[PDB]
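Cβ placement follows ideal geometry from the backbone for every residue including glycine, while neighbour counts extend to all protein chains displayed. Read the figures in this text as sums done on the coordinates, not as results from a lab.
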Amino acid sequence: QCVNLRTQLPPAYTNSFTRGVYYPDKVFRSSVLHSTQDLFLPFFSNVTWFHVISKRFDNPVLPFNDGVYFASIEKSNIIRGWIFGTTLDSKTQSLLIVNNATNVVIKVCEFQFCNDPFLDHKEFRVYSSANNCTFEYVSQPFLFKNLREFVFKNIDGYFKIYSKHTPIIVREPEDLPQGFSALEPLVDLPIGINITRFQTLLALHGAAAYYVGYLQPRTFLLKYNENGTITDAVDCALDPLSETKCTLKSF
Amino acid sequence: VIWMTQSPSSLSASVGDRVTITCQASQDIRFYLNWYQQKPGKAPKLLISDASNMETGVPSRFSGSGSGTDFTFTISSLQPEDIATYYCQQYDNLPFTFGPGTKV
Amino acid sequence: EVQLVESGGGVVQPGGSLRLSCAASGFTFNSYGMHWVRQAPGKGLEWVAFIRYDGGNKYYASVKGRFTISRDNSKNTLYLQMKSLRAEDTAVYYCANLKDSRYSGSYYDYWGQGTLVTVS
Ligand SMILES: *[C@@H]1O[C@H](CO)[C@@H](O)[C@H](O)[C@H]1NC(C)=O
Ligand SMILES: *[C@@H]1O[C@H](CO)[C@@H](O)[C@H](O)[C@H]1NC(C)=O
Ligand SMILES: *[C@@H]1O[C@H](CO)[C@@H](O)[C@H](O)[C@H]1NC(C)=O
Ligand SMILES: *[C@@H]1O[C@H](CO)[C@@H](O)[C@H](O)[C@H]1NC(C)=O
Ligand SMILES: *[C@@H]1O[C@H](CO)[C@@H](O)[C@H](O)[C@H]1NC(C)=O
Ligand SMILES: *[C@@H]1O[C@H](CO)[C@@H](O)[C@H](O)[C@H]1NC(C)=O
């Protein structure tokens, strides 16, 4: 049974700085500077900041565009899943990714989603019904405060998820932390559907916040250290100084 | 380019009457049709999306249905506040197009 | 509140040019695509142009080759540059964010007030 849970507030913005870099492929490299072209969140971009405070719970339907950078900071594990699709109703196949205490369930079905879907661990009040599914996958859960970052890409039918989890110190401004951390590949799902919109699923029973950015086709120079770990990167289309650094292959 | 047409171009109805407007597309656009209502001097307001989905805040007296090339917009009981020009618009492919508009 | 404000209208001569602009606020302008729609007196709605969120791909209607669409995401401003204007281009020009499940992905439908452009 769908339950209609509000006012609409204007968005906040935060400074992305140097974040959103992920390993472009599954190839070991070390002690080398590698130039690659792929979809990355632009350096020093403007990222949309949403709030979950409890009396406001931001969970709007957002565009997916060409890929989404998603991040959240919390302790109570309020953000537990995502919905990806087009019309997000019984007319088309949609992707539902939901985490719980023991596992993660990923399935693609013609879901009739609720006007304001959520989880309620007294159970799913995400959809009222579902028809014939095309994809099923079950594995281990994907999910000082916990900083969780994800990259969602949809290329040639493959829904690629990258992720990173680090502990962060609490700062009063409650902004994005500075520093460099690369995202490792998590899962690659052979689904084959058209994602144009997505929505964040919140679990009810605290405070949390999340950020949304969009990826662009850009050229990056990635620095691999002795242990094949990416420790730095240059956005070759940010400014004239970065352009020179990329040309000369030097940080 | 997809051609859009509507019929009748104008209709006369009283308060309490049932009003139906037909939209037809020259090409199959599945369920990607928007319905707009425009009052004189104002920008168009969206009432129905994806053929049959009602927008939030739209009165229950409004409805619509259809798929492919033939779509219908219905007012179950015309109100004095429902005197406007109604347009259908397709967004299956670019360029997007609007129909001629029906005068109620 | 979400508000789209057109400006730059007025009266021009045939063969001349005019640059219109739309100021956006109250929403994440830089993540959405935008459309231009015009309506001449006595006529219905006519679609003119569309630009993607990244200011990359551009699409045009009757106007292709004469009108250029562009945007600046640092100013939240949408622009339309009209060259070689004709008498038939007299209309009220609106900027809009049209609900679209296939291309822009917008879940919300927004319109401005419109600005009048007269060619004579
Ligand atoms: C939520 O709204 C829907 C209409 O969209 C209605 O059918 C449903 O009963 C409402 N849920 C509750 C708990 O009232
Ligand atoms: C968007 O980014 C620009 C830098 O290009 C910055 O000047 C502007 O203030 C940012 N917008 C917001 C709302 O912070
Ligand atoms: C988590 O989901 C799995 C698969 O649906 C289910 O078997 C398991 O009981 C769920 N765990 C909890 C605590 O509900
Ligand atoms: C099976 O999927 C098709 C769409 O390909 C749908 O039309 C049909 O109703 C579904 N069958 C059932 C029992 O839902
Ligand atoms: C996905 O988008 C492509 C490009 O517009 C289109 O050709 C394809 O038919 C779409 N898939 C579905 C199921 O609509
Ligand atoms: C590489 O890993 C080893 C531990 O196996 C560590 O001692 C060394 O400092 C690392 N090198 C770099 C550049 O991080």
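Before moving on, here are some points about what is shown:
- Between the C-alpha center of segment A:14-28 and that of segment A:68-94 there is a gap of 21 Å.
- Working note: Debye formula, equal point scatterers on the alpha-carbon atoms of segment A:16-93, no solvent; log10 I(q)/I(0) at q = 0.16, 0.25 Å⁻¹ is -0.91, -1.36.
- Given charges at beta-carbon only (K, R positive; D, E negative), |dipole| of segment B:4-103 in Debye: 260 debye
- Couplings 3J(HN,Hα) of segment C:4-16, computed from phi: 10, 10, 7, 7, x, x, x, 10, 10, 8, x, x, x Hz, in residue order, whole Hz [Karplus 6.51 cos²θ - 1.76 cosθ + 1.60, θ = phi - 60°; x for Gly and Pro].
- Coordinate range along principal axes, alpha carbons of chain B, Å, largest first: 37, 25, 24
- Nonlocal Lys pairs with alpha-carbon distance under 15 Å, chain A (8 or more apart, or different chains): 6
- Basic side chains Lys and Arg get +1 at the Cβ, acidic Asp and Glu get -1 at the Cβ, and with that the dipole of the protein assembly as shown about its Cα centre reaches some 440 debye.
- Using equal-weight Cα scatterers in the Debye expression, the normalised intensity of chain C in log10 at q = 0.09, 0.11, 0.14, 0.18 Å⁻¹ is -0.22, -0.33, -0.54, -0.90.
- Ranked by the mean number of other Cβ atoms within 10 Å per residue, highest first, peptides A:21-32, C:76-87 order as C:76-87, A:21-32.
- Peptide B:96-102 has a mean shielding of 4, counted as Cβ atoms of other protein chains within 10 Å of each residue's Cβ.
- Gap separating the Cα centres of segment A:104-135 and segment C:70-98, nearest whole Å: 41 Å
- Spin-label model, A:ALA101/A:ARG56: points 7 Å from Cα along the beta carbon direction are separated by 3.3 nm.
- Here the relative contact order of chain B, from alpha carbon pairs under 8 Å that lie six or more residues apart, stands at 37 percent.
- All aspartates and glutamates inside 15 Å of C:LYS75 as judged from Cα atoms, apart from same-chain residues fewer than 8 positions distant: C:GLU6, C:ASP54
- Average other protein chain Cβ within 10 Å of Cβ, residues C:103-110: 6
- Over the Cα atoms of the protein assembly as shown, the radius of gyration divided by the Kirkwood radius equals 0.99; this is the Rg/Rh ratio.
- Gyration tensor analysis over the Cα atoms of chain A returns equivalent ellipsoid semi-axes of 33, 21, 17 Å (largest first, whole Å).
- Cβ-isolated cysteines (cut-off 4.7 Å), chain A: none
- Each of A:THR92, B:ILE48, A:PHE152 was placed along the dipole of the protein assembly as shown (beta-carbon charges, centred on the mean Cα), and the one lying farthest toward the positive end is B:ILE48.
- Dipole of segment C:3-119 [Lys/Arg +1, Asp/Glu -1 at C-beta], most positive-end residue of C:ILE69, C:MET34, C:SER7: C:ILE69
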